Structure formats: structure tokens, C-alpha cells
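Quick heads-up: it's one chain on its own, the form deposited in one PDB entry, in C-alpha cells.
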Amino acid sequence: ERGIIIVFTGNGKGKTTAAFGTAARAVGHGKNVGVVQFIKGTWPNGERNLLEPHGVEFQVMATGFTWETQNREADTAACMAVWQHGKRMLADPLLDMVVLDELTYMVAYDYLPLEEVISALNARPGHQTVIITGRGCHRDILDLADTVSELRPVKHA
């Protein structure tokens, strides 16, 4: 089938879970999936723990990433390194789905060029589906997306 781009944005909770839920279904179906998490959690990775043993490549941002204004050079460089993996995936004809978790902040803080993104998305293997997660998704990215679900928080605990 033709791979599409899906975006899970908005301020509501479940963006990441949605993306991992899709991935889970894909794997359950025998598809090849690759994952990039631009934001390293200070906890244990349930999703990774689950999926990884199933041949799902995982790429997580380095611990060293600081988000500090005076560290833009180093942080940009760490983001670039992790995104290299992402571009590679976005170039793999054998990967049925690619997950770019928390990609929106990387763009929103200018740690990665939107243009590289657009380009990478555009040139991907036709059967490839890509899932983008994160609050405040860049409009240009939304314009390119096939599906956009906005998690609106009706209530939050």
C-alpha cells in the first residue's frame, strides 16, 4: 500500500502512546519498524523493552542533551547525530514504518532543520508510513501529513 504520514499532536496526553500503539500493531502484523525518540526519558522504556526484542531498531537521544541556551552547539550536534539514524531509516526500502517521537520539539527549538525533515519525508520509500509525535507541530509538517489527529485535553490528572 502507499505509506502515509501521520501526526499525533495537540496538548492532550497519549501522543506517544498512539504512535507506539500503531507500531505495536505493525509489528504484530509482521511489518518492519524503526524508531527514533528525540527525547530521552529519565525512566525505564516500557515501549523499548517490549518492541526492541522484536527486531525493532531504537534510537534515543543521548543523555548528554541539555536544552541549555549556552549549549546549543553541543545539543544541536547530539540531535544531528540521532537524526542521521532517522534519515537513514527514512531511506530504507525495507522499513514499513518509521516512528519519530517528540520530533516536534527538535524543530520548535531549531535543533534540526525543518528543511531536512521535509526533504527526508518527501523522498521516502513509497510504502513507508511515518508517525510524528509532539506538541506544536510545525505547520509545514502538518501540510505534508496525510492524517493529523490533535489530542485535545478535555481533562487531565
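A residue's number is simply how far along the shown sequence it sits, counting from 1.
Below, we turn to the form solved in complex with a small molecule, even though it does not appear here.
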{"property": "Proximity to the small molecule in the entry with it bound (heavy atom, within 4.5 Å), stretch among 48 to 56, 116 to 124, 86 to 94, 99 to 107", "result": "99 to 107"}
{"property": "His156, heavy atom within 4.5 angstroms of the small molecule in the entry with it bound", "result": "yes"}
{"property": "Contact test in the entry with it bound: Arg135 vs the small molecule, heavy atoms, 4.5 Å", "result": "yes"}
